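First, one chain by itself: the form deposited without this ligand, in structure tokens.
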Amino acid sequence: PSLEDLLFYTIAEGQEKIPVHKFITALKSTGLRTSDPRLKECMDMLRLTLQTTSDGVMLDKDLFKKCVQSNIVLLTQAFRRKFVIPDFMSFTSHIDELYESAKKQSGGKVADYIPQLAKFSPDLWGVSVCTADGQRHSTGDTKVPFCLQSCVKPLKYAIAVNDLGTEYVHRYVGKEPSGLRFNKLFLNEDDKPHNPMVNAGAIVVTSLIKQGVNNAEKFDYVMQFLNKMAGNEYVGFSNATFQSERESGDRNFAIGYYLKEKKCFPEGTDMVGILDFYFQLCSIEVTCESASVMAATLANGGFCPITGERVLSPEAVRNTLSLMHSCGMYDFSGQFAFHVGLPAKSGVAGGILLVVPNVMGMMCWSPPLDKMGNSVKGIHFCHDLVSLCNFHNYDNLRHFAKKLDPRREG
């Protein structure tokens, strides 16, 4: 009995040889991308043999196993439908239907307050999926870079807890949400900000990351860390946006100085500096696709699904999904956790970084925001998703009414 030869027949169709193309589409339909980091060695040995014998391009039992043995455990789970969503082909057809269903939601205003977002077209709309198993799908403008803005807040929160610990970080920032008209306060009853998803707390989380090092290396570190999360897909920086967020954050200066007077930063902080760090962190660039991996890294206990590398300690990822669930969507967090149940984070550029724990992570992007600050199509999507799929945090996996369960076969 042999792992590679068995798989060779399950694709062989009883035929004596396997065309190369007939393998590459058989792969793409499990949800995997040929470019997958975990797959390169199987792909390099396809790049190899596609010059040696140009008179093929068939694969022996030998030649197949020549390419596939390095990555056979993960190749077999794909082909025996062990992936978390087994029939991935159907599910993306629903992601597409759900996409077009939101793509018609024309209302909302593009953030005007800096020119770099006022220049983005309200017509843009991309949705990118990434499972805890690397199965990927995209619809729309999913390769257009845009800023995280406050989609970075849980990411840097995860970074800080990962390095310093729950208990150190939660001397400096609370861990609840404030109250639907405690929106305007900075500090709770203990003179910490209310949670790391609000600007008072985020500006505080930022002063914890990589202390004793200067602000340009601090940035490189967070760039390094965000890189491991998206498994080395697009992570960028628009100096443009950064300039406008610098000239115009009289509010964050207001918050910052209140925090300084009231003694909430760690001993030896240079407040005005980390306002600059914080402005930088918000002008970090992502695509739909690359962030959906960051999102799937949270969905997977802190292990990147396209690389398998442990990026975040399981304490940081739990902590974060806990605070996305209740402080994640500005004043809509309450109604959002009720009707959707998924930890999410929004951003004024139009981002919505979505986790479905133990299934997949997402990124949805339409620049027009509603009157509370959330992507109009973004919100309309997440509702439609939970509507359709028993992905609500407090659905029941065994008795789930008429909703569809993508983890199940038939």
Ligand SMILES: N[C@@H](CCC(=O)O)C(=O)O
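Note that residue numbering follows the sequence shown and begins at 1.
Note that the form solved in complex with this ligand isn't included here; everything after this is about it.
> Among the candidate residues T287, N252, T92, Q116, which is the single one with a non-hydrogen atom no more than 4.5 Å from this ligand in the entry with it bound?
Answer to the contact question: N252.
> Of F225, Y278, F265, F83, which residue is found within 4.5 angstroms of this ligand in the entry with it bound when only non-hydrogen atoms are counted?
Here the answer is residue option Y278.
> Decide whether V348 counts as a contact residue for this ligand in the entry with it bound under a heavy atom distance cut-off of 4.5 Å.
Because a heavy atom of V348 falls inside 4.5 Å of this ligand in the entry with it bound, the answer is yes.
> Report yes if any heavy atom of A160 sits within 4.5 Å of a heavy atom of this ligand in the entry with it bound; otherwise report no.
The answer is no: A160 has no heavy atom within 4.5 Å of this ligand.
> How about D133: is it within 4.5 Å of this ligand in the entry with it bound, going by heavy atoms?
Close contact is absent here: in the entry with it bound, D133 is far from this ligand, nothing within 4.5 Å, heavy atoms only.
> Evaluate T139 for contact with this ligand in the entry with it bound, applying a 4.5 angstroms cut-off between non-hydrogen atoms, and reply yes or no.
No, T139 is distant from the partner.
> Decide yes or no: are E4, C67 and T76 jointly within 4.5 Å of this ligand in the entry with it bound, with each residue judged by its heavy atoms?
The answer is no: none of the three residues contacts the partner (heavy atom, 4.5 Å cut-off).
> Tell me the stretch among 208-216, 296-304, 226-234, 278-286 that has any heavy atom within 4.5 angstroms of this ligand in the entry with it bound.
Within 4.5 Å of the partner lies stretch 278-286.
> Select from 324-343 the residues with a non-hydrogen atom within 4.5 Å of this ligand in the entry with it bound and write them out in sequence order.
Just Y330.
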